[PDB]
Amino acid sequence: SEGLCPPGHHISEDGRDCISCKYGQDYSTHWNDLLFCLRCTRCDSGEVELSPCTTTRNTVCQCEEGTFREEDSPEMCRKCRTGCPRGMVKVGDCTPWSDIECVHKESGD
Amino acid sequence: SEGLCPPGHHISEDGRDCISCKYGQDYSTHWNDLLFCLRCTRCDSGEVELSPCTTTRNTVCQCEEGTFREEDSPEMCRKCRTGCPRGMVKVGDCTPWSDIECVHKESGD
Amino acid sequence: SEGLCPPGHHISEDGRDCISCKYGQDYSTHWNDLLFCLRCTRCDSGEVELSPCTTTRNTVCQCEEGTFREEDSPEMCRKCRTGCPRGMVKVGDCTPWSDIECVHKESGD
């Protein structure tokens, strides 16, 4: 369809005009259909930067191994399970965003 | 924006950012729009890894020779038959998933 | 004779032998038949171990005085109030698990 602007640029309401956005102000990752540019993400200590932010790129935030990010916490990472629940076993990997996996097999019938 | 992310990627809670997932830590097979990355599958002793997983692949498990596993019973392997009782003839190959094949012979007496 | 190992011991994949697990490295509360032993619980900086884990026991974590946390939270602790709002009274104690308690007008005459 029409009314779309390439990355780093945005299109007006009337769709007959597109304006350029400045490096570092705001960015667009995919063809945008708005008059504004999206805010760029920044990282803080305890987190690792994987990719740069630019009119054609987005900054990536990642958390250090051993910690996890749950939807119940804001830009925070928590220590993964330090021991599966009583009657379970270790089998899953912990990702800065997801938690470990525990499985029940031998513990009361 | 629609809010969809390609395979191997996830979208943060804010819906305006998409981040890459690490090989073996987790992946996505089909287009998704969540802050979660799909966990990778692991196999246990007695079973071998047929194909490791990546940001665009799923891990498969294998059973050692002499065992069998039908789609009707997962996470289970059973001893494959080495020869049908007298009267039957072995003619099929045994695969960690399927069992041998036996056919009745009219020849003889 | 059997395929079971007592608490504090794990068994090999072939079941022909069982290896002993030692306190502080891992433990088991009930009989089991696995290759690994149940992990011992450790606490992060700012938290203390209330009770260590032995070959037959599990370790509990505690948070330092002045901070508080509910069982519903992962393991974060918050600073208890050192003075109820203006026109309030102090009457409850703050425990790393519980928060301070404030009351209005102790008693009249």
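These residue numbers are counts, starting from 1, taken along the chain as shown.
Header lists the method as solution NMR.
Just so it is clear, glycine is given a Cβ too, placed from its N, Cα and C backbone atoms.
So that you can see what the record holds, here are the features copied from Swiss-Prot:
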type	residues	note
DISULFID	C:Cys5-C:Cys18	disulfide bond
DISULFID	C:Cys21-C:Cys37	disulfide bond
DISULFID	C:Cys40-C:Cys53	disulfide bond
DISULFID	C:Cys43-C:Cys61	disulfide bond
DISULFID	C:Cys63-C:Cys77	disulfide bond
DISULFID	C:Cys80-C:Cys94	disulfide bond
DISULFID	C:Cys84-C:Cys102	disulfide bond
REPEAT	C:21-61	repeat 'TNFR-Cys 2'
REPEAT	C:62-102	repeat 'TNFR-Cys 3'
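Structural mapping of features recorded in Swiss-Prot.
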residue: C:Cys5; record: disulfide bond; DSSP (3 states): strand
residue: C:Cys21; record: disulfide bond; DSSP (3 states): coil
residue: C:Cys37; record: disulfide bond; DSSP (3 states): coil
residue: C:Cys43; record: disulfide bond; DSSP (3 states): coil
residue: C:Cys53; record: disulfide bond; DSSP (3 states): coil
residue: C:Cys77; record: disulfide bond; DSSP (3 states): coil
residue: C:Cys94; record: disulfide bond; DSSP (3 states): coil
residue: C:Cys102; record: disulfide bond; DSSP (3 states): strand
Within-chain partners of the repeat 'TNFR-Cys 3' (C:62-102) [C-beta distance under 8 Å, separation at least 6 from its ends]:
43-44, 46-50
Could you tell me what the rest of the chain brings near the repeat 'TNFR-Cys 2' (C:21-61), counting residues at least six beyond its ends with Cβ under 8 Å?
3-13, 15, 67, 75, 77
Which state, by DSSP, holds C:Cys84 (disulfide bond): helix, strand or coil?
coil
Of all listed disulfide-bonded residues, namely C:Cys5, C:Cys40, C:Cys63, C:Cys80, C:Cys102, those lying near chain A with CB under 8 A:
C:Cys40
Does C:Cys37 (disulfide bond) have same-chain partners at least 6 apart in sequence with Cβ under 8 Å from its own Cβ, and which are they?
C:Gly8, C:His9, C:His10, C:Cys21, C:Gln25, C:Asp26, C:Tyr27, C:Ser28
What is the number of other Cβ atoms found within 10 Å of the Cβ of C:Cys18 (disulfide bond)?
15
To see if you understand the setup: which same-chain residues, six or more apart in sequence, place their Cβ under 8 Å from that of C:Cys102 (disulfide bond)?
C:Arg81, C:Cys84, C:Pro85, C:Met88, C:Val89, C:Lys90, C:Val91, C:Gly92
Could you list the residues of the same chain, at least six apart in sequence, whose Cβ is under 8 A from the Cβ of C:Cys43 (disulfide bond)?
C:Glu49, C:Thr59, C:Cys61, C:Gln62
Do me a favour and check the Cα-Cα span between C:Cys5 (disulfide bond) and C:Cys40 (disulfide bond); whole Å is fine.
19
Cα-Cα distance linking C:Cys63 (disulfide bond) and C:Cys53 (disulfide bond), given in Å to the nearest integer:
17
Rounded distance in angstrom between the Cα atoms of C:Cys80 (disulfide bond) and C:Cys63 (disulfide bond):
12
Measuring Cα to Cα, tell me the gap between C:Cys40 (disulfide bond) and C:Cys63 (disulfide bond) in whole angstrom.
18
Rounded Cα separation (Å) that holds between C:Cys94 (disulfide bond) and C:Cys63 (disulfide bond)
12
